[PDB]
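Novice: Structure supplied as my_file_2.txt; contents: compact mmCIF, C-alpha atoms and all ligand atoms.
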```txt
# COMPACT_ATOMS: atom_id res chain seq x y z
CA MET A 1 15.91 -5.22 -17.92
CA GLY A 2 12.34 -4.43 -19.12
CA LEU A 3 11.12 -1.70 -21.48
CA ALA A 4 14.75 -0.66 -21.81
CA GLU A 5 15.19 -3.77 -23.97
CA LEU A 6 12.85 -2.24 -26.59
CA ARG A 7 14.94 0.93 -26.77
CA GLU A 8 15.42 0.56 -30.56
CA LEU A 9 11.61 0.81 -30.96
CA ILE A 10 10.96 3.37 -28.26
CA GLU A 11 13.48 5.97 -29.39
CA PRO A 12 12.80 9.09 -27.26
CA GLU A 13 12.84 12.75 -28.25
CA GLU A 14 16.39 13.94 -27.65
CA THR A 15 16.25 17.54 -26.37
CA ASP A 16 18.25 19.96 -24.19
CA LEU A 17 17.55 21.36 -20.73
CA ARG A 18 16.60 24.83 -21.90
CA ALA A 19 13.76 23.24 -23.91
CA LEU A 20 12.32 22.18 -20.51
CA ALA A 21 12.36 25.78 -19.16
CA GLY A 22 9.15 26.30 -17.16
CA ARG A 23 8.49 22.56 -16.68
CA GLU A 24 7.80 21.06 -13.27
CA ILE A 25 9.37 17.61 -13.11
CA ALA A 26 8.75 14.89 -10.50
CA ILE A 27 12.19 13.33 -10.06
CA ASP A 28 12.40 9.92 -8.40
CA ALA A 29 14.70 10.64 -5.46
CA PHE A 30 16.08 7.12 -5.00
CA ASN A 31 17.02 6.98 -8.66
CA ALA A 32 18.61 10.44 -8.58
CA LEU A 33 20.63 9.68 -5.43
CA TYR A 34 21.83 6.44 -6.97
CA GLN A 35 23.14 8.36 -10.01
CA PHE A 36 24.87 10.84 -7.69
CA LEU A 37 26.40 8.08 -5.53
CA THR A 38 27.69 6.07 -8.50
CA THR A 39 28.85 8.87 -10.85
CA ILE A 40 30.20 11.71 -8.66
CA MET A 41 33.65 10.55 -7.59
CA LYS A 42 37.22 11.47 -6.77
CA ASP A 43 40.02 8.98 -7.59
CA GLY A 44 37.58 6.11 -8.19
CA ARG A 45 35.62 6.56 -4.95
CA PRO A 46 32.63 8.62 -3.81
CA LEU A 47 33.25 12.08 -2.38
CA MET A 48 33.69 12.13 1.40
CA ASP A 49 33.90 14.73 4.16
CA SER A 50 36.91 14.87 6.49
CA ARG A 51 35.29 12.29 8.82
CA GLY A 52 35.04 9.76 5.95
CA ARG A 53 31.23 10.08 5.44
CA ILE A 54 29.90 9.93 1.87
CA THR A 55 28.95 13.30 0.34
CA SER A 56 28.45 12.53 -3.38
CA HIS A 57 24.69 12.49 -2.80
CA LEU A 58 24.67 15.92 -1.19
CA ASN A 59 27.03 17.28 -3.79
CA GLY A 60 24.82 16.14 -6.68
CA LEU A 61 21.60 17.09 -5.00
CA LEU A 62 22.82 20.64 -4.29
CA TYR A 63 24.82 21.55 -7.37
CA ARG A 64 22.80 19.64 -10.02
CA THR A 65 19.47 20.83 -8.65
CA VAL A 66 20.80 24.39 -8.90
CA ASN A 67 21.85 23.73 -12.49
CA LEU A 68 18.35 22.46 -13.32
CA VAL A 69 16.68 25.54 -11.81
CA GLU A 70 19.09 27.76 -13.77
CA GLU A 71 17.78 26.11 -16.97
CA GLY A 72 14.24 26.99 -15.76
CA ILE A 73 13.34 23.50 -14.59
CA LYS A 74 11.34 23.21 -11.37
CA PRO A 75 12.15 19.87 -9.76
CA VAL A 76 10.22 18.07 -7.06
CA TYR A 77 11.94 15.06 -5.51
CA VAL A 78 9.79 12.08 -4.60
CA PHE A 79 10.96 9.48 -2.09
CA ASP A 80 10.16 5.80 -1.91
CA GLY A 81 8.02 4.64 1.00
CA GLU A 82 7.39 1.00 1.87
CA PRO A 83 7.64 -1.16 -1.25
CA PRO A 84 4.95 -3.70 -2.15
CA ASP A 85 5.74 -7.21 -0.84
CA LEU A 86 7.02 -8.57 -4.22
CA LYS A 87 9.58 -5.73 -4.73
CA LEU A 124 19.53 3.30 0.17
CA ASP A 125 20.97 3.76 3.65
CA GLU A 126 18.37 5.77 5.63
CA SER A 127 20.96 8.37 6.72
CA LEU A 128 21.55 9.30 3.06
CA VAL A 129 17.80 9.77 2.68
CA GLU A 130 17.49 11.98 5.77
CA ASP A 131 20.53 14.00 4.56
CA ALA A 132 18.71 14.51 1.25
CA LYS A 133 15.48 15.71 2.89
CA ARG A 134 17.33 18.06 5.22
CA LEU A 135 19.22 19.51 2.26
CA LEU A 136 16.11 20.06 0.10
CA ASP A 137 14.32 21.75 3.03
CA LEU A 138 17.26 24.12 3.40
CA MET A 139 17.28 24.74 -0.35
CA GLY A 140 13.51 25.35 -0.42
CA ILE A 141 13.08 22.61 -3.03
CA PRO A 142 9.89 20.62 -2.58
CA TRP A 143 9.77 16.89 -1.97
CA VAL A 144 7.08 14.33 -1.31
CA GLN A 145 7.12 11.21 0.79
CA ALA A 146 5.41 8.53 -1.36
CA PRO A 147 3.38 5.92 0.51
CA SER A 148 4.99 3.14 -1.59
CA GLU A 149 6.69 3.31 -5.02
CA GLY A 150 8.31 6.66 -5.74
CA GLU A 151 8.00 6.16 -9.47
CA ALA A 152 4.24 5.54 -9.03
CA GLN A 153 3.83 8.70 -6.99
CA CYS A 154 5.76 10.67 -9.64
CA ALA A 155 3.52 9.24 -12.38
CA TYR A 156 0.37 10.09 -10.39
CA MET A 157 1.49 13.70 -9.91
CA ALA A 158 2.08 13.94 -13.66
CA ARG A 159 -1.35 12.38 -14.44
CA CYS A 160 -3.03 14.86 -12.09
CA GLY A 161 -1.31 17.72 -13.93
CA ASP A 162 0.68 18.86 -10.89
CA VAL A 163 3.92 18.30 -12.79
CA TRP A 164 4.58 18.09 -16.50
CA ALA A 165 6.64 14.89 -16.37
CA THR A 166 8.46 12.34 -14.30
CA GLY A 167 12.26 12.23 -14.30
CA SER A 168 14.25 9.03 -13.87
CA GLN A 169 16.66 6.62 -15.52
CA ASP A 170 14.05 3.89 -15.12
CA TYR A 171 11.06 3.48 -17.44
CA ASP A 172 8.74 2.42 -14.60
CA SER A 173 6.80 5.69 -14.37
CA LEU A 174 5.33 5.00 -17.82
CA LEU A 175 3.91 1.71 -16.56
CA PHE A 176 2.42 3.64 -13.64
CA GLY A 177 0.74 5.90 -16.23
CA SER A 178 2.97 8.98 -16.46
CA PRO A 179 2.07 10.82 -19.67
CA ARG A 180 5.69 11.99 -20.01
CA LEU A 181 9.03 10.73 -18.76
CA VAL A 182 12.26 12.69 -19.06
CA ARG A 183 15.40 10.52 -18.85
CA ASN A 184 18.95 11.72 -18.11
CA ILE A 185 17.68 14.79 -16.19
CA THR A 186 20.10 14.23 -13.26
CA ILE A 187 23.15 13.45 -15.41
CA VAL A 188 23.11 15.79 -18.40
CA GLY A 189 26.67 16.65 -19.46
CA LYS A 190 29.94 15.66 -21.08
CA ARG A 191 32.85 13.51 -20.00
CA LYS A 192 35.96 11.92 -21.42
CA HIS A 193 36.26 8.14 -21.59
CA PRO A 194 39.18 7.11 -19.31
CA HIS A 195 40.12 4.60 -22.05
CA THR A 196 39.47 6.29 -25.42
CA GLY A 197 39.30 9.92 -24.26
CA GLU A 198 36.26 10.52 -26.44
CA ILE A 199 33.67 13.13 -25.47
CA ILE A 200 30.67 11.21 -24.19
CA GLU A 201 27.62 13.49 -24.17
CA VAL A 202 24.42 12.73 -22.22
CA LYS A 203 21.35 14.77 -23.22
CA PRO A 204 17.88 14.84 -21.69
CA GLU A 205 15.37 12.76 -23.60
CA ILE A 206 11.57 12.82 -23.51
CA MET A 207 9.18 9.90 -23.85
CA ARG A 208 5.47 10.44 -24.08
CA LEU A 209 3.28 7.51 -23.09
CA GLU A 210 0.97 8.01 -26.07
CA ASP A 211 3.90 7.86 -28.53
CA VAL A 212 5.48 4.88 -26.79
CA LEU A 213 2.20 2.99 -27.30
CA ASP A 214 2.12 4.05 -30.99
CA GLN A 215 5.79 3.16 -31.48
CA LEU A 216 5.14 -0.32 -30.06
CA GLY A 217 1.82 -0.77 -31.95
CA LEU A 218 -0.16 -1.16 -28.69
CA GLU A 219 -3.66 0.13 -27.91
CA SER A 220 -3.40 0.88 -24.20
CA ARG A 221 -1.27 1.25 -21.09
CA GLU A 222 -2.78 -2.08 -19.92
CA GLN A 223 -1.02 -3.89 -22.78
CA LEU A 224 2.19 -2.05 -21.99
CA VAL A 225 1.95 -3.41 -18.48
CA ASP A 226 1.26 -6.93 -19.79
CA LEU A 227 4.29 -6.55 -22.10
CA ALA A 228 6.46 -5.40 -19.20
CA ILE A 229 5.35 -8.35 -17.11
CA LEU A 230 6.57 -10.69 -19.89
CA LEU A 231 9.90 -8.87 -20.10
CA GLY A 232 10.45 -8.73 -16.32
CA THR A 233 9.89 -5.93 -13.77
CA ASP A 234 11.12 -5.18 -10.24
CA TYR A 235 8.24 -7.37 -9.06
CA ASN A 236 9.27 -10.28 -11.36
CA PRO A 237 12.86 -9.54 -12.48
CA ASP A 238 13.51 -12.85 -14.28
CA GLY A 239 10.79 -12.05 -16.82
CA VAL A 240 10.08 -15.14 -18.91
CA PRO A 241 13.28 -16.59 -20.24
CA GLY A 242 12.59 -18.19 -23.60
CA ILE A 243 10.55 -15.15 -24.68
CA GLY A 244 12.72 -12.39 -26.08
CA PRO A 245 11.48 -8.79 -26.27
CA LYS A 246 10.34 -8.92 -29.92
CA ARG A 247 8.51 -12.18 -29.24
CA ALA A 248 6.91 -10.70 -26.10
CA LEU A 249 5.69 -7.72 -28.11
CA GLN A 250 4.33 -9.88 -30.96
CA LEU A 251 2.43 -12.03 -28.48
CA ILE A 252 0.81 -9.06 -26.75
CA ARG A 253 -0.13 -7.51 -30.09
CA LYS A 254 -1.51 -10.71 -31.64
CA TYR A 255 -3.36 -12.06 -28.61
CA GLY A 256 -4.10 -8.69 -26.98
CA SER A 257 -3.39 -9.44 -23.35
CA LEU A 258 -1.75 -11.70 -20.78
CA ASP A 259 -5.17 -12.97 -19.79
CA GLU A 260 -5.86 -14.06 -23.40
CA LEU A 261 -2.53 -15.94 -23.54
CA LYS A 262 -4.12 -18.50 -21.15
CA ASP A 263 -5.87 -20.32 -23.99
CA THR A 264 -2.56 -20.60 -25.93
CA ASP A 265 0.19 -23.19 -25.80
CA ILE A 266 2.86 -20.81 -24.49
CA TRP A 267 0.95 -20.27 -21.20
CA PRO A 268 2.53 -23.04 -19.05
CA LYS A 269 6.00 -21.55 -19.63
CA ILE A 270 4.61 -18.17 -18.53
CA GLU A 271 2.73 -19.49 -15.47
CA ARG A 272 5.89 -21.36 -14.42
CA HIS A 273 8.01 -18.20 -14.29
CA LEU A 274 5.53 -15.60 -12.98
CA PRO A 275 5.99 -15.60 -9.18
CA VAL A 276 2.43 -14.45 -8.49
CA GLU A 277 -0.86 -14.54 -10.41
CA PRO A 278 -0.77 -12.08 -13.32
CA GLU A 279 -3.73 -9.94 -12.24
CA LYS A 280 -2.03 -9.07 -8.93
CA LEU A 281 1.08 -8.01 -10.92
CA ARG A 282 -1.08 -5.86 -13.20
CA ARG A 283 -2.84 -4.31 -10.21
CA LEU A 284 0.51 -3.13 -8.86
CA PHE A 285 1.11 -1.01 -11.97
CA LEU A 286 -2.47 -0.03 -12.83
CA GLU A 287 -3.63 0.68 -9.26
CA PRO A 288 -0.47 1.65 -7.43
CA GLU A 289 -0.67 3.05 -3.94
CA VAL A 290 -0.16 6.84 -4.14
CA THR A 291 -1.04 9.98 -2.19
CA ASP A 292 -2.91 13.27 -2.73
CA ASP A 293 -1.38 14.77 0.38
CA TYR A 294 1.15 17.21 -1.11
CA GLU A 295 1.27 20.86 -2.10
CA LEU A 296 4.12 21.96 -4.37
CA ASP A 297 6.10 25.14 -3.51
CA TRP A 298 9.51 26.43 -4.46
CA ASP A 299 10.75 28.53 -1.51
CA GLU A 300 13.84 30.69 -0.96
CA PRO A 301 16.97 28.83 0.12
CA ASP A 302 18.29 29.36 3.64
CA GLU A 303 21.89 30.47 3.01
CA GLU A 304 23.13 30.28 6.58
CA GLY A 305 21.50 26.91 7.31
CA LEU A 306 23.02 25.47 4.14
CA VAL A 307 26.42 26.74 5.22
CA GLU A 308 25.98 25.26 8.72
CA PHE A 309 25.00 21.88 7.25
CA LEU A 310 27.28 21.45 4.22
CA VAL A 311 30.29 23.59 5.10
CA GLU A 312 30.55 23.23 8.87
CA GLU A 313 29.34 19.59 9.15
CA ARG A 314 30.34 18.17 5.73
CA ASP A 315 33.39 20.16 4.54
CA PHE A 316 31.87 21.62 1.42
CA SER A 317 33.61 24.72 -0.04
CA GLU A 318 31.97 27.77 1.53
CA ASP A 319 32.49 30.01 -1.50
CA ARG A 320 30.97 27.36 -3.75
CA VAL A 321 27.96 26.73 -1.54
CA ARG A 322 27.30 30.44 -1.04
CA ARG A 323 27.60 31.05 -4.76
CA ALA A 324 25.21 28.15 -5.45
CA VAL A 325 22.70 29.70 -3.05
CA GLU A 326 22.93 33.05 -4.91
CA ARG A 327 22.59 31.29 -8.28
CA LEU A 328 19.53 29.46 -6.95
CA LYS A 329 17.81 32.64 -5.64
CA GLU A 330 18.38 34.38 -8.95
CA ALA A 331 17.11 31.36 -10.95
CA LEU A 332 13.94 31.14 -8.87
CA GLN A 333 13.46 34.85 -9.32
CA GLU A 334 13.80 34.55 -13.08
CA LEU A 335 11.00 31.95 -13.11
CA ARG A 336 8.82 34.12 -10.82
CA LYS A 337 8.86 37.22 -13.02
CA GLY A 338 7.06 35.41 -15.88
CA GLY A 339 4.70 33.35 -13.68
CL CL B 401 28.63 23.25 -10.51
CL CL B 402 31.77 21.68 -2.34
```
Show the structure stored in the file as structure tokens.
Ligand SMILES: [Cl-]
Ligand SMILES: [Cl-]
Specialist:
Amino acid sequence: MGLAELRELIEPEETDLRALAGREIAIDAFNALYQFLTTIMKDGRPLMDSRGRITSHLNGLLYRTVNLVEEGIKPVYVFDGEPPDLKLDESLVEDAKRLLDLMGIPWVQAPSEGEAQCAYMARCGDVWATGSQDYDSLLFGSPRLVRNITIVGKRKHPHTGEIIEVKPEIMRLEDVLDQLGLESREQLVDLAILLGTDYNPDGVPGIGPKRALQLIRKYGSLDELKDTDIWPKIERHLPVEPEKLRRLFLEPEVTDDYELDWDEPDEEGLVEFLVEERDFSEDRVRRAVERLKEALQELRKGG
């Protein structure tokens, strides 16, 4: 799974949404849509319009984005481009972009990895953090990652009926390094390569997470593990040469070509799209548009 395996060591800062009031967050769009598609359901299936087309993605993107802006959070959604060679239905993606345009919520087309683009925007100081369920943006150098941003809330377990609560949680790159006893992001990347990433998802069986971490700490780097006895097992399992894997995380393809704005929603266009084409409740959509205008306004009047 990757860095997620060292969750006991990482331990984020558990917070609430109102603590992120005023923060711009670069949310990985593919990750967000996946959460919406897999968790917003009716009788065990995704929400659908009267023609049978999926709507869970539009539902989440509209109503949860409005909720975030009501807590003072300014989201920007960032979409995957072409993945690197080692690495969602396109209609869902175009639905998403159309919706955000109508809502006035900014988005960016990444040239390759969305999570890398999010991290770059955070490094440049154009957003405060990245927002995803994945830990990838840290490896791409994001100074801050907020997890659970698209799924904050409470539910009952179908089985136990207990109140499961999901809260937003913050991880700061600098603290993650300290928590793991590492010196640099470069070592974090080397560690992640041992554990397995999207570019090498098997990791290195035979090396558990604690062992991986100990190795990186003791020997310093993946490069320096060449002179050791464990190397052949590593070289066997790494699909490509290690430096090319490192380069993907340390020098990801990203773009400068964006300018972040939060515009007024287009009430009538939203109604045409969601209500008339996708069978959303008109009263609910219209009310969401009013809630959104007011929330944007409340952020404007303090700067
Ligand atoms: Cl709602
Ligand atoms: Cl609805």
Novice: When you look at residue 138 of chain A with a cut-off of 10 Å (counting only C-alpha atoms), what residues show up, excluding the ones that are within fewer than 4 positions of it in the same chain? I need them as an MDAnalysis selection string.
Specialist: chainID A and resid 132:134 299:307 309
Novice: What's the 10 Å shell around segment 207-214 of chain A, counting only C-alpha atoms, without same-chain residues fewer than 6 positions away, as JSON, numbers by chain?
Specialist: {"A": [9, 10, 11, 12, 13, 14, 165, 166, 171, 173, 174, 175, 177, 178, 179, 180, 181, 182, 183, 220, 221, 223, 224]}
Novice: Can you work out which residues are within 6 Å of ligand CL 402 (chain B), considering all atoms listed in the file, and then hand them over as a list in words?
Specialist: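 Going residue by residue within 6 Å of ligand CL 402 (chain B), we get residues 316, 317 and 320 of chain A.
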Novice: Please extract the residues at most 10 Å from ligand CL 401 (chain B), counting all atoms listed in the file, and provide them as a VMD selection string, using the chain letters and residue numbers of this document.
Specialist: chain A and resid 59 to 60 62 to 67 320 to 321 323 to 324
Novice: Name the closest residue to residue 57 of chain A among the candidates A:310, A:172, A:278, A:266; distances are taken between atoms, counting all atoms listed in the file.
Specialist: A:310
Novice: Which polymer residues have any atom within 10 Å of an atom of residue 176 of chain A, counting all atoms listed in the file, with same-chain residues fewer than 6 positions away left out, as a PDB file with C-alpha atoms, in the frame of the given file?
Specialist:
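Saved to out_8.pdb:
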```pdb
ATOM      1  CA  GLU A 149       6.690   3.310  -5.020  1.00  0.00           C
ATOM      2  CA  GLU A 151       8.000   6.160  -9.470  1.00  0.00           C
ATOM      3  CA  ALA A 152       4.240   5.540  -9.030  1.00  0.00           C
ATOM      4  CA  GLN A 153       3.830   8.700  -6.990  1.00  0.00           C
ATOM      5  CA  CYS A 154       5.760  10.670  -9.640  1.00  0.00           C
ATOM      6  CA  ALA A 155       3.520   9.240 -12.380  1.00  0.00           C
ATOM      7  CA  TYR A 156       0.370  10.090 -10.390  1.00  0.00           C
ATOM      8  CA  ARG A 159      -1.350  12.380 -14.440  1.00  0.00           C
ATOM      9  CA  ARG A 221      -1.270   1.250 -21.090  1.00  0.00           C
ATOM     10  CA  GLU A 222      -2.780  -2.080 -19.920  1.00  0.00           C
ATOM     11  CA  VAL A 225       1.950  -3.410 -18.480  1.00  0.00           C
ATOM     12  CA  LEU A 284       0.510  -3.130  -8.860  1.00  0.00           C
ATOM     13  CA  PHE A 285       1.110  -1.010 -11.970  1.00  0.00           C
ATOM     14  CA  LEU A 286      -2.470  -0.030 -12.830  1.00  0.00           C
ATOM     15  CA  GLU A 287      -3.630   0.680  -9.260  1.00  0.00           C
ATOM     16  CA  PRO A 288      -0.470   1.650  -7.430  1.00  0.00           C
TER      17      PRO A 288
END
```
Novice: Would you compute the distance between atom CA of residue 333 of chain A and atom CA of residue 75 of chain A? Give it in Å to one decimal.
Specialist: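 Interatomic distance here is 15.0 Å.
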Novice: List the spatial neighbours of residue 238 of chain A as a list in words - criterion: any atom at most 10 Å away, only C-alpha atoms, same-chain residues fewer than 4 positions off excluded.
Specialist: residues 1, 2, 229, 230, 231, 232, 233, 234, 273, 274 and 275 of chain A
Novice: So that I have them on file, write out the residues from the current selection with C-alpha atoms, as a short mmCIF file (atom, residue, chain, number, x, y, z; two decimals), keeping the file's coordinate frame.
Specialist:
```
data_model
loop_
_atom_site.label_atom_id
_atom_site.label_comp_id
_atom_site.auth_asym_id
_atom_site.auth_seq_id
_atom_site.Cartn_x
_atom_site.Cartn_y
_atom_site.Cartn_z
CA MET A 1 15.91 -5.22 -17.92
CA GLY A 2 12.34 -4.43 -19.12
CA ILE A 229 5.35 -8.35 -17.11
CA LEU A 230 6.57 -10.69 -19.89
CA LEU A 231 9.90 -8.87 -20.10
CA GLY A 232 10.45 -8.73 -16.32
CA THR A 233 9.89 -5.93 -13.77
CA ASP A 234 11.12 -5.18 -10.24
CA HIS A 273 8.01 -18.20 -14.29
CA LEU A 274 5.53 -15.60 -12.98
CA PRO A 275 5.99 -15.60 -9.18
#
```
Novice: So how many Å separate atom CA of residue 255 of chain A and atom CA of residue 8 of chain A, to one decimal?
Specialist: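 Atom CA of residue 8 of chain A lies 22.7 Å from atom CA of residue 255 of chain A.
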Novice: Would you please work out which residue, of A:141, A:160, A:130, A:280, is nearest to residue 325 of chain A when using all atoms listed in the file?
Specialist: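 Smallest distance to residue 325 of chain A is found for A:141.
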Novice: Tell me, in Å to one decimal, how far atom CA of residue 202 of chain A is from atom CA of residue 184 of chain A.
Specialist: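 Atom-to-atom, atom CA of residue 202 of chain A to atom CA of residue 184 of chain A, that is 6.9 Å.
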Novice: Determine the nearest neighbour of residue 329 of chain A from the options A:84, A:140, A:22, A:161, counting only C-alpha atoms.
Specialist: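 Ranked by minimum distance to residue 329 of chain A, first place goes to A:140.
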Novice: My structure is short of atoms at segment 50-65 of chain A; please model N, CA, C and O atoms there, returning them as a short mmCIF file (atom, residue, chain, number, x, y, z; two decimals), keeping the file's coordinate frame.
Specialist:
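Listed below is the output, selection.cif:
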```cif
data_model
loop_
_atom_site.label_atom_id
_atom_site.label_comp_id
_atom_site.auth_asym_id
_atom_site.auth_seq_id
_atom_site.Cartn_x
_atom_site.Cartn_y
_atom_site.Cartn_z
N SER A 50 35.67 15.16 5.78
CA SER A 50 36.91 14.87 6.49
C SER A 50 36.76 13.81 7.59
O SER A 50 37.75 13.39 8.16
N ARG A 51 35.54 13.40 7.90
CA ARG A 51 35.29 12.29 8.82
C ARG A 51 35.00 10.98 8.07
O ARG A 51 34.58 10.00 8.67
N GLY A 52 35.21 10.96 6.75
CA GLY A 52 35.04 9.76 5.95
C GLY A 52 33.61 9.43 5.51
O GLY A 52 33.40 8.38 4.92
N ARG A 53 32.65 10.31 5.79
CA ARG A 53 31.23 10.08 5.44
C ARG A 53 30.98 10.48 3.99
O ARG A 53 31.49 11.49 3.54
N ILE A 54 30.17 9.70 3.29
CA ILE A 54 29.90 9.93 1.87
C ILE A 54 29.23 11.29 1.71
O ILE A 54 28.40 11.66 2.54
N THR A 55 29.58 12.02 0.65
CA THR A 55 28.95 13.30 0.34
C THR A 55 28.52 13.45 -1.12
O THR A 55 27.89 14.45 -1.47
N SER A 56 28.84 12.48 -1.97
CA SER A 56 28.45 12.53 -3.38
C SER A 56 26.97 12.83 -3.59
O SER A 56 26.60 13.54 -4.51
N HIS A 57 26.13 12.25 -2.74
CA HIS A 57 24.69 12.49 -2.80
C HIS A 57 24.30 13.93 -2.52
O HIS A 57 23.41 14.48 -3.18
N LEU A 58 24.95 14.54 -1.55
CA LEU A 58 24.67 15.92 -1.19
C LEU A 58 25.23 16.87 -2.25
O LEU A 58 24.62 17.86 -2.61
N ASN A 59 26.41 16.53 -2.74
CA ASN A 59 27.03 17.28 -3.79
C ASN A 59 26.11 17.34 -5.02
O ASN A 59 25.73 18.43 -5.48
N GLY A 60 25.72 16.18 -5.53
CA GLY A 60 24.82 16.14 -6.68
C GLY A 60 23.50 16.84 -6.41
O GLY A 60 23.01 17.63 -7.22
N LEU A 61 22.90 16.54 -5.27
CA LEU A 61 21.60 17.09 -5.00
C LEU A 61 21.64 18.61 -4.92
O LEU A 61 20.72 19.27 -5.38
N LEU A 62 22.70 19.18 -4.35
CA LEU A 62 22.82 20.64 -4.29
C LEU A 62 23.14 21.23 -5.66
O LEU A 62 22.35 21.97 -6.22
N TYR A 63 24.29 20.86 -6.20
CA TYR A 63 24.82 21.55 -7.37
C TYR A 63 24.06 21.22 -8.67
O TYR A 63 23.86 22.11 -9.51
N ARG A 64 23.60 19.97 -8.83
CA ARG A 64 22.80 19.64 -10.02
C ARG A 64 21.39 20.16 -9.97
O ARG A 64 20.82 20.49 -11.02
N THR A 65 20.79 20.23 -8.78
CA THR A 65 19.47 20.83 -8.65
C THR A 65 19.57 22.30 -9.01
O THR A 65 18.69 22.84 -9.69
#
```
